[PDB]
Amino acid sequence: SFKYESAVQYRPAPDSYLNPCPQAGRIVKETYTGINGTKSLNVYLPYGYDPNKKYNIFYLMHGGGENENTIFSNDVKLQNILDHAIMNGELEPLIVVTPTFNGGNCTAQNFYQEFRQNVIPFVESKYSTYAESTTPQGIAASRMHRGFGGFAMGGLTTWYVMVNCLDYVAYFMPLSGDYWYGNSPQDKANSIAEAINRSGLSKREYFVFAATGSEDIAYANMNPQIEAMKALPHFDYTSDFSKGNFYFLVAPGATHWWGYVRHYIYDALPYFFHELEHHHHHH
């Protein structure tokens, strides 16, 4: 049922989407050991998850002071939105992973290293994504079906994941956070452009759907960065990802709070994973 719009507008999920759905995806608490020691994450599996099918996968990072349990906690309840959207056909079934930048030497800035070496192989060896194997080659070969996003300091994580992991990830959802690399918006945009240049990828092979609230403090630093990125040839600004690859959704009145930011995921996640997808769909 999903069709791309070229300038999608903010729309909260209905209030009923915040209550439990009978078609509930399973959430699995996992523990693994990597370069930052023994750590945990949650894996949301869609209702009807079949390991003999292949699922898109979206990794989603919490904000400062939060943890791997926050996004599926009572303070956010993102799983209820996921369950309802998948059941109603708004969102194709996917795996959603909530890891953490806490623990050991890990930070919001450096998490991408653990993401590459430990998180992707742990999760994607266990669960059925488009990765046929979890060697670097297997991960890279399935990059069009892998996304990363996050809120606030997790938005910063997302930008560092983008710059350092274009080989592994095609879709990016930075929420209420900017990219801290640079002394001007142009430095930030140029770093992203250089990463794209180095990757060799075409403009049809990476996608950025950024979002924040018009009353969210992070807008102050995101907006200049977004404007500098718009000026790059590397980005074609539109939410219609059949035609371009870059959008910035600004929710009127919304403040720096998961209560709003969960709706940005509701609005944006349905836009992901249709370019070079393996099903025959018309969006």
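So that there is no doubt, residue numbering starts at 1 and follows the sequence shown.
- Relative to one another, 6-14 and 265-273 have unequal mean CA B-factors, and 6-14 is the one with the higher figure.
- The question of which stretch, 42-50 or 28-36, has the higher mean Cα B factor is settled in favour of 28-36.
- Ranking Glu90, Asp83, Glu124, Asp178 by the C-alpha B-factor listed in the PDB entry places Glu90 at the top.
- Highest C-alpha temperature factor among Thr98, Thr129, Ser184, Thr212 per the entry: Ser184.
- In this PDB entry, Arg146 carries a Cα temperature factor that places it within the lowest third of its chain's modelled residues.
- Ranked by C-alpha B-factor against the other modelled residues of its chain, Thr157 falls in the lowest third.
- Annotation for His62: C-alpha temperature factor in the lowest third relative to the rest of the modelled chain, per the entry.
- Sort the chain's modelled residues by C-alpha temperature factor and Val169 lands in the lowest third, per the entry.
- The deposited CA B-factor of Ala189 belongs to the highest third of values across its chain.
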